[PDB]
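You are given structure tokens for the same protein chain in two forms, set apart as structure 1 and structure 2.
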Structure 1
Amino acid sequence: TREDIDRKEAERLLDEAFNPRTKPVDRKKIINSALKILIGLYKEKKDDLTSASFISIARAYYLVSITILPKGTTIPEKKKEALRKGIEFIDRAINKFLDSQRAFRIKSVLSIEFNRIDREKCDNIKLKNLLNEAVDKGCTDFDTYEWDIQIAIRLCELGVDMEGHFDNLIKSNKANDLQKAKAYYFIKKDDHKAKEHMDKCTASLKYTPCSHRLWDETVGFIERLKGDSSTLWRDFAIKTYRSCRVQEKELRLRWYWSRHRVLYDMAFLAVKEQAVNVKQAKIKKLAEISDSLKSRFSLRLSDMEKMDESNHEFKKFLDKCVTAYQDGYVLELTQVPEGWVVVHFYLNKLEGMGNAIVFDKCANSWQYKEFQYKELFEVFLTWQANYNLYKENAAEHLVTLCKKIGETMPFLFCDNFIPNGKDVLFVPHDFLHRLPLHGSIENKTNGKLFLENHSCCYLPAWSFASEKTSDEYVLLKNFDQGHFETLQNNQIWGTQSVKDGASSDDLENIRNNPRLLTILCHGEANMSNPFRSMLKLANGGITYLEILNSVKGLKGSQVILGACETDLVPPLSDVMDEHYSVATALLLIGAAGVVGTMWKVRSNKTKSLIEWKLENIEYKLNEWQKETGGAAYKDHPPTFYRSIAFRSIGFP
């Protein structure tokens, strides 16, 4: 009839959309046309539509949900909505009469996707019952259909005995290496062959981008393995972290997938559980796992789509990641200068602990201490909430936060963890980036500041450390008139200095690697895109991306930012602080170090920093803060508030 001709055209369109060679942007149009034919044919036929056409719509709606990538951290409701629509479309084929076999294949595969993105609307009990119903209806045919492998192996994770179907599952060449590994682990309960096949899975994961469906299931498998208390998860999580580290190298761009953090949390927790020189090499590995996580920041797909040499590389990466999403369904750590100490912070979420990985360059010693960050995070949130309302008047809430950093991290003031005279490079993690660790006060009476003993530097990650200039001082000011008028008239400011109304082009115009660049402008933060957070310069301002692509004359330059980090990065509504400041972009474009306030501070103190920095630029920042009221948090918390704001972001 005319229905079969239209359904066959819809089927041949769905087959084209199911072709992995189809582009994702073209696949969505194809399913649109196939669903245009199928829905319109369903509109006329209504309930009298044949079951093969209802399987066709369910197949089309399964493909629809494949093209709906998560635009944020949460799984989209359109994706749920599309699988929900396919399930009630396939229910019309289940309830009205090989066809039932093809109907249950797509019903169960839709339900597997629905279960993993919506555990409440399709829980494991309901999924298990319908997965079994497909199995007893002949949906165990793994040789020609890759979906029955997913049906059976999903039942393996559900605890259903599939010993009878194991032999044909392994024999089938359509089964994935991870799927073969899951079959060995769940059915045969043998760990040697599950190791062999997972290793072939993770070896292949070095080439599949992290948006691929296989990345989520591999990490989900290790989560199952960790929750099963098996010994396989420790070796597996490290091995797939290594594949992630390899895949990350292919702008500090990282695709956001939910299981990425738990992968690093699992890999960190695996190496921590394995931690003479072997123990130390494990702690070294902890800092490399932590550094690999902070080396890049995940960008949400909506921000990736809402983004010019970088435009090409972004479009290559965004297209590659989006394609691989839908394809699944169809500097050395010890190169620190002598006399320094590097504290790598890692906040595990899988466990409640934060971990401080310190490296003493003199001792060549790796040691780590765990701390509780939950109570500290609330004290930071109290400070952040109070600062965002009262600014300087929240200096009392800064003192308790600084007292909390010294109480939650007593090892900062322990000589074994961090020696006395050593310069400390802080590589914090998540909300510890917003923590004035230099301003921490040890949990003791008349506790001294951390900066009174150690010259503190900061890094978003160890991978931002550089190796390295003129004698010119450049002032790029786009600030309000009331502030820095006296600082303008300083004679030391060079001819490249745009001392009033400086623009984005003015920052790009710098070419001679000035000894000190002083940008006094306002900061504004894109709350979702670190790349779009900008320094409020003239002619529209200059973003993080524009600094990356357009500023080339700051090689080894010391940068003083008049914009507070609170302006540059958004406030934290979660433990994560994956937002790179505009100072991170300045580090990537070769600046030796960026000095700026961590929070809003009256411009007199910022100017007092710059004039102090104008002479003897190699001055240590902590020596200034000790003599400018940093040591006085009991007496004048406002004066402790202003000096603790200044931190150095960079590394020689």
Structure 2
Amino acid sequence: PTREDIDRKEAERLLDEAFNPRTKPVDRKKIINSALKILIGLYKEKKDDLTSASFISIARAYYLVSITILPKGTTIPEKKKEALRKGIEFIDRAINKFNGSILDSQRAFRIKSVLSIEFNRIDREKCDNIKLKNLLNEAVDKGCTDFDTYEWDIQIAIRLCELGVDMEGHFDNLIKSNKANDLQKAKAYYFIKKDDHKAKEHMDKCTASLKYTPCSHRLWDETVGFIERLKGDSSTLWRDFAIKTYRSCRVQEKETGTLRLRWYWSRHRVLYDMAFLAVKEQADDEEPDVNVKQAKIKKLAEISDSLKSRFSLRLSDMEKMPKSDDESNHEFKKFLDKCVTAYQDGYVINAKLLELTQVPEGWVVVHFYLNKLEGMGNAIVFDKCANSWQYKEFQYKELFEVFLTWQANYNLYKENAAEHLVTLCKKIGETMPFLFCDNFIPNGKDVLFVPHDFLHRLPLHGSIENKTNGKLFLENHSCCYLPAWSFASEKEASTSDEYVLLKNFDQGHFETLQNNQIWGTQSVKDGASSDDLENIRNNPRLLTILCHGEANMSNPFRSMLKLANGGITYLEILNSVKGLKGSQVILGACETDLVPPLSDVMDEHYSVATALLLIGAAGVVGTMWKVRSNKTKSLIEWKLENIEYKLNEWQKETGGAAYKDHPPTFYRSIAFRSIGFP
């Protein structure tokens, strides 16, 4: 016993304390660093005279360093790859330093195999499948088959079964082992014995187990990867696996409170897309019963709404969140620590919501979904008077190109991009021809749109029919918008007769609006600090906020209305503002100042209108882009004269059907939008 063995045994004690599941992560990050300090000191002392055991301990410590680095953003960080590369380069020296015991050769090949499996999962072109297959066959030749004592042998066996080599000799020891979880048993049955009944049973137990684990776990990623492989192999079980995994994800996500959040993991969207495709392929099959087909189209709408509820903030934005409201800050910190603890534990060991059919009479509801997997777009219509469901499909590529063209031209030449606006409206009318036919959307009905991602920015109410003298959509129907179906509620509070105005900016002038006497309450003011917003108390019938806006391009909880002494953000609206039950709100800021511009097809970014809807306001009327101030003053005066009249009448009267002769008046009319469903 020299001091090399004493220091190695101390470092091994520290690593065995770090491999314990009862340890919090903030202690693990210190324990691993102490152990690596001792071992790298021994290496700097005895550079090539080191035994194989210290090299094995260094490789294990670098595996722990690799699993303690959390991904930020949507990219695997380079620190993870650097840790796995250094561990491989350290254990290769113990492999090439021969003349040890056979047990130490077994241990070295086991550590090299698990580091290579993780590095092949992260990076593909650096560590390909052929190299991994050769290394794993070499590791299983040395006798790494003890399925009762180590679970890393189970991982090696299942990964080799996935890569395609025969493993029929080890099946009985694989099944009878009590370290294996149920996904590994289902993979073993399907890939070796070709038995689908036992695979079906073990996968059902796996999903019922997934109902209680957080979404930061490894098991979610592995399960969705198995369903993707089953769909690629043209099996007949991925249809039934996808729906159960979707149900488990819904029940697990239900537990969070009113602050709508979910953990970002990369295979969420492919799970919802495969569930949508499974229910759609069941629905297009012919059946003599029609009620089953109605139930399947309703299931499609439910999957779409459950995707559109939350918005999935990233990790660095969650770590940089401001500290206030010591109970809600406590809820957020509890959520974050639960997610990080589940992420590491996977690697160390192994009001009411309305029904979809609850709509007032004479209404028609249209849901949207953009399927990235098949590259298509689905529109789902519900009709209340006939009580029927239908759905149609369309393409979305050239629509995206025309929208990006209008975005660039607007951001340079705001009022002179009007011809590109007219071209975008004609393109919406050409790609989606179903909303002008009488079978899909009936004549004279009120339409509620629940859009998906880049359809949140398109003007759907100003589409033009693909004819010679085309008509607009707002000439026959009255349109309303909603971010998701979960934001709808009831009890439209029409209590008071109060009128309130607030105003902070003095660029576009509103003095003729300011001098009116209808703003007779003492709550009205023209300085507009945030505490002036948090002191309204008696639920006014109309509130009018007139200020500028500012958008945070990562965190939607930091988008602010530019009021006095710092403004008021999304989170402060959700925590502080109370007296707005059943209040029509008219914003003065445009939508382009409150949301950032999009650079991808998918975007989830909710403005302050959704926070005003969650506080309890009955409807926000806003501008989608920057209009002259005279139009906003005209809208506010028309709303004061008539609070019970619909917006599309005013859009038809003041020049909304003038796209042929004067595109500026058409630009100024169709900018206005109502974001609240009764």
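Sequence positions of structure 1, starting at 1, serve as the residue numbers. The term rigid core refers to the most C-alpha atoms you can superpose between the two forms while keeping them within 1.5 Å.
- After superposition on the rigid core, the C-alpha displacement between structure 1 and structure 2 reaches 2 Å or more for just one residue among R434, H579, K422, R92, namely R92.
- After superposition on the rigid core, the Cα atom of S53 is displaced by 2 Å or more between structure 1 and structure 2.
- Annotation: Cα of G138 displaced by at least 2 Å between structure 1 and structure 2, core superposition.
- Fitting the two forms on the rigid core leaves the C-alpha of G482 displaced by at least 2 angstroms between structure 1 and structure 2.
- On a core-based overlay, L449 has a Cα shift of 1.0 Å between structure 1 and structure 2.
- The two forms, fitted on their core, place the C-alpha of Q496 5.0 Å apart, compared between structure 1 and structure 2.
- Once the rigid core is matched between structure 1 and structure 2, the CA atom of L214 is found 1.4 Å away.
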